[PDB]
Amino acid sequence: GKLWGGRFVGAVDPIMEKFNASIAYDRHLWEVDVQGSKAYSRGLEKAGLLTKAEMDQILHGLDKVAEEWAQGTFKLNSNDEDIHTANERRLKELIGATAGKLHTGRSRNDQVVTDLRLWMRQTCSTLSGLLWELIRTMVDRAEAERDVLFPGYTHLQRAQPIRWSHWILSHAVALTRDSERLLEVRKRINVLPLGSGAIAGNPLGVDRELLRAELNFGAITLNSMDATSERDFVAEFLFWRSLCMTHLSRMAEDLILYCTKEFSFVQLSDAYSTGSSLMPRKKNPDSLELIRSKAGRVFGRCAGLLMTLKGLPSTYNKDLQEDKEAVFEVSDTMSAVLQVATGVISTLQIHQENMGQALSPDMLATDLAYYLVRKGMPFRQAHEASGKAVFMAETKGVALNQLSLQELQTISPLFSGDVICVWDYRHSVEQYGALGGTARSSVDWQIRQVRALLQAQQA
């Protein structure tokens, strides 16, 4: 430089340095990094790169390092870049000699990825459990409240009565798909990348099958270049989370709407709401709004990882370092949101009366038509008839359920005495007996169906 201005800090530049450190967050990989180093150690042994004594020397030291981590006893170094350097710097202050043999044939490229996949395999496990717990909860409450009725909506307009349980099962069913997707992602995560070296593979011929068995992975990567540069397992996870958050954001929207004075169908426990000091009736759905806001947080990370991966040349690049924080943040968010959601549906109260009061006779206008279709009349005919029925009561200035059986017969001779069954909102939902419908029997069918899916997924 010097012929012009600029930034001449020297031969280091602290900005470039902290902006390069990852220990601030990858530090959580200490558990799996150690674990992953013990397995490589046993690998080198069989390969004949160290002795049964050197292995136990190293192996043992590693356990001492882990212990320090589990006690908060581990003294980190500003002289430390990442959790990888930290662990083998300590493993060197406890063994010195052999310690500098563990990384033989190993690169940070295939080492770090092994740590991330190992760590995720574990985190995705708990996520699977937290999710099955939310589904099981929703399903159980659905069975308990199978006889409550409230309105179903389209364009957010009251359409017709439905079972509150049906509404619950509608979100549960979507979540089981999220549950199914997580399981598929978990398989592709359970693949051992260790032994790929920096790009061309392991040069000293260590056993890949052994390493695979040690760490208990499901398989080994087919290609070293892919294994060290691909991040499909991270992108896939982020999308899974994003689509799951979509569903939760929808359940949040519904519930938030249902607890407005305007609807008053549901009410949240004080544990998940915030009231007004001078207004006892004002109960803000903080919890629900929080959940809804997290859908963007999550989707954005996914969008961000995709733009980072786009157009990168083979093989390994520093750009790949952006994966860790993304996974961490989304992992925490998903755990919190899932548990908070389980607590909400678990402790929310419903107002059966308000729910029943939102049902009105004008919703039955169409049931009147179905009554005629079972009598043999074509739909167009019945629809037109029920139309006349609607028009009648209107002029008479009364409700559709106040038309006399005689008045109805001036519409069609098919209207018999049983027509009073149409005026029952209960009778209305029972029409949908076809599998997947809102009829009580169908809801039982759904509950069994979901119970089984959960079971098949436990395997």
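For every residue, the number given is its place in the sequence shown, counted from 1.
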Open item on the list: If you take the mean CA temperature factor per stretch, which one wins between 254-262 and 383-391?
Closed with: 383-391
Task: Residue range whose averaged C-alpha B-factor is higher in the record, 228-236 or 204-212 - done: 204-212
Task: Highest-ranked of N317, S346, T73, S273 once sorted by CA temperature factor in the record - done: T73
Task: Maximum C-alpha temperature factor, selected from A434, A47, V34, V429 - done: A47
Open item on the list: Is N20 in the lowest, middle or highest third of its chain when residues are ranked by C-alpha B-factor?
Closed with: highest
- [ ] Would you mind checking where the Cα B-factor of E184 ranks among the modelled residues of its chain, as the lowest, middle or highest third?
- [x] lowest
Open item on the list: How does the C-alpha B factor of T85 compare with the rest of the chain: lowest, middle or highest third?
Closed with: highest
Task: Lowest, middle or highest third - CA B-factor, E329 - done: lowest
- [ ] Would you please rank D178 by its C-alpha temperature factor against the other modelled residues of its chain and give the third it falls in: lowest, middle or highest?
- [x] lowest
